[PDB]
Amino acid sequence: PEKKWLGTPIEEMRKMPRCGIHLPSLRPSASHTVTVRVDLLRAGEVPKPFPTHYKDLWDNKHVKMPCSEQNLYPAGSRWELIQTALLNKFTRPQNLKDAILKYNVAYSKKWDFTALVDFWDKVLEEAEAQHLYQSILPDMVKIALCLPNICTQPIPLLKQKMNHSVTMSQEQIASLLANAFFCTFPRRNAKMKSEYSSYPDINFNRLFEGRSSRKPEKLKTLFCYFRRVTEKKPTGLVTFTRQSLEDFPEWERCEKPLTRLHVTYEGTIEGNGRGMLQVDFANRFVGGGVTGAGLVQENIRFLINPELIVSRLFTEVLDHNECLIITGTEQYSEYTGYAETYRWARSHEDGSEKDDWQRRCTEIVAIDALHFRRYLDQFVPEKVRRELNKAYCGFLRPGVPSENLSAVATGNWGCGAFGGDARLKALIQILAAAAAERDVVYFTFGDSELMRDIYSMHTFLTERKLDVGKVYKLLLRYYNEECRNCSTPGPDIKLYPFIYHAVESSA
C-alpha cells in the first residue's frame, strides 16, 4: 500500500525554539540595524521606535521614504498631497482609484483598477464590502499616514555583496505595507527608472489590474492580513538578513558525511516544518519576480505571511551566491490549492512561541533555483555546483554550532514547470545540507513514488558511507557518460539507476 513517511521520525529532528542558541542582547552594530528600543522591549507589548522622532535620509544607501521632506511633486510636499488624497471618504472603488492617482498623475493611463472594481462589486458580499470601506480602508489609511511616527529610523538597502541584518517590528511593517498598498513609495514605479531598476516593485498597483481570477484571491488574502493588523496590533519583531558568501566547499573533495532525512508525500513546509528552516522557492527578485506575478510557492507564502512582502522594499536582486533570511514572520491566512486553483480558505491564528528578541520561531530562507528551459543544462557540472552553492548559502550559519541548527524543511525546489529534475534537486539539497551539517525534512507534495526513491537513494549512500565529495563525483560521471553526448532532450538512463549501477560495479 505504501507508507506516508520514510526515514528518521520528524519528532527527532532539531527544531526551534528548543535547539536554539542563547541569543545575546539585541543591539545595533555595523552589521545589524535595529529600529526599536531594545531596553523597552517587553513580551506582548507593541515595541517603541528608536529613535523617538523621525530622522530622514534621502540618499542611495537607504530606502527613499514617502514621508520625506525631499519627496516632491508639482513644487511641494508629496507627502502632504498623499495626506489630502487619503483623508477622504471611500464609498466606491473609483474613489480609491482617484485617491491613489492624485500623487501618481503619470500613471493614470498605465494603472488599471478593473480587478479592484470587480472585487469590490462582484466578489465581496454586500456586508463584506461595506466593512471594507467603512473600517478596513480608513484604518489602513490611518496607519499609513502614521509612518513618520512609526518608522523613525532610515532603512538601509540590502545591496548585493552585503552581509547585513535589519530587525524591525511587525507594527512598522504594517505601516510600510499599508503605504505599499496605496502606492506611496517614490522612485519605484517608472519603467525606465535607474536607481531601483535592480529591485522588485513594492507598490501594490499590479494587484488592481486585469480581468484574471487570480487577483481577487490575492486581495482576499491581503485584506485578511490588514483586517487583523488594524484590529489587533502585532507585538513581535522580524529580522531580515542578507547573506553573501565568497567561498564555498570544494565539492569534489568534501569529506562531510550525509545527514539525517525525513521524507514524506503528505504535509506542507509551512504546516509540518514548524520550528525548522523553511525554504522559499524564490525568484532572484524575492517575493515573485520584479512584478510579483503568479500564484506559485513563493507568491503564496508571501501572501499568507504578508510581512515577507516588505523585503521587496529594500532587497536588491539576489546574485548567484546570495540569499535572504527572514525570522519572525506571522501566518495570517490559510489557503487551499495552487496556481490557478489557489483559494483563500480562512484566517489563521499563529500560535508559535517567541525567542528572547520577541521574534516568532519561524525562519524562512529565500533561495532561487535556476530556470532550466532546456532540461539537460542542469546536469552540466557548473550548473550543479551553482545549485549546490545557492542551497549551501541558504543553509549555512557562520559561527553557529551544528547542534543548534534546526532541520531544513524543503521540497521540490525549482522543479515541475520550472524545469528542474526532482531527483537531482533532492540530491543537491541533501549534499548542501550535509556540508552545512543540517538534517533534511523533505516534502514531495503527493508524489509517493518520489518519496520512496529519495529515501532509497539516501539510505543507499548512507549505508555505503559515501561523503559529499564521493556523491558529487558520481554526478560528474553521470554528465560525462550519459549527458554531454546526448542527442535527445533527456538521456536513456536516469540519474538514480546510474548511481546505483556505478556504485554496485565498483571495487
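The numbering used is simple: start at 1 and walk along the sequence shown.
Count the deposited residues lacking coordinates between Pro74 and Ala75 and you get 4 to 9 of them. For the pair 280-288 and 83-91, the mean Cα B-factor is higher in 83-91. On average the C-alpha atoms of 63-71 have higher B-factors than those of the other stretch, with 63-71 and 438-446 being the two compared.
The entry lists C-alpha B-factors for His371, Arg188, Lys97, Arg312, and the highest of these is at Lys97. Per the PDB record, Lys215 has a higher Cα B-factor than any other of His262, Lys215, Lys425, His320. Placement of the Cα temperature factor of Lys3 within the chain: highest third of the modelled residues, per the deposited record.
Ranked by C-alpha B-factor against the other modelled residues of its chain, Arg452 falls in the lowest third. Placement of the Cα temperature factor of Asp421 within the chain: lowest third of the modelled residues, per the deposited record. Sort the chain's modelled residues by C-alpha temperature factor and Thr52 lands in the highest third, per the entry. Ranked within its chain, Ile499 lands in the lowest third, by CA B factor from the PDB record.
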